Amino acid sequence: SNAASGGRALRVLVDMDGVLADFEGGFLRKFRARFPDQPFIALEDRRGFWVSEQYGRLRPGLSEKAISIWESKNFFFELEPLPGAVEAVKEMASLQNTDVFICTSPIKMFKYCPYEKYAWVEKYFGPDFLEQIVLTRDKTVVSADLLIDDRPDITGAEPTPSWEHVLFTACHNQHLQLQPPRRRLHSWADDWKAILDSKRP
């Protein structure tokens, strides 16, 4: 909930794909359904942020096939929420002196993805939560205390972002050793309130 008059709430940016929405699992399911005669990458074996790059190494032309899954209509809309994600973000947004924004990057093909992200947020959080969406390819120009995001290296036009990036664990990043004092949120079952509280005055 917002701070009082001209006051300062803790501001938390919550990533969408890989934090609220199960992009990796949705992708694998739809990939295997559309391309049942192609090899695929089990989630346990995922390495590196870019799915299409790993697929492109697995067999020639598979990068383009992988891309065609997330460029398809309904791919973003039909992603399942991560366990505990909707409940956690609902709770977080209800906390005193705490402003929550969903900060997400659309893919390059924009026919469906922006629309479907808004629709997904409306579905799981309600119409009033649409006010909290920030769509950007550059998260470094969004100011906050925290950014909870599964991408390991978040860069852009601002060399010194105001937020601390807490890495949200995903299949593609779970083995990564981070430079101290970078921190993780291992899942929504993990103690996200303690992370927030560490940044409060």
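Heads up: residue numbers just count along the shown sequence, starting at 1.
In this entry, 32-40 has the higher mean Cα B-factor, the comparison being between 32-40 and 157-165. Once the C-alpha B-factors are averaged per stretch, 113-121 and 98-106 rank with 98-106 first.
Ranked against the other modelled residues of its chain, the C-alpha B-factor of residue 25 as given in the entry falls in the middle third.
Ranked by C-alpha B-factor against the other modelled residues of its chain, residue 132 falls in the lowest third. The deposited CA B-factor of residue 53 belongs to the highest third of values across its chain. Annotation for residue 145: C-alpha temperature factor in the middle third relative to the rest of the modelled chain, per the entry. Compared with the other modelled residues of the chain, the Cα B-factor recorded for residue 139 ranks in the lowest third.
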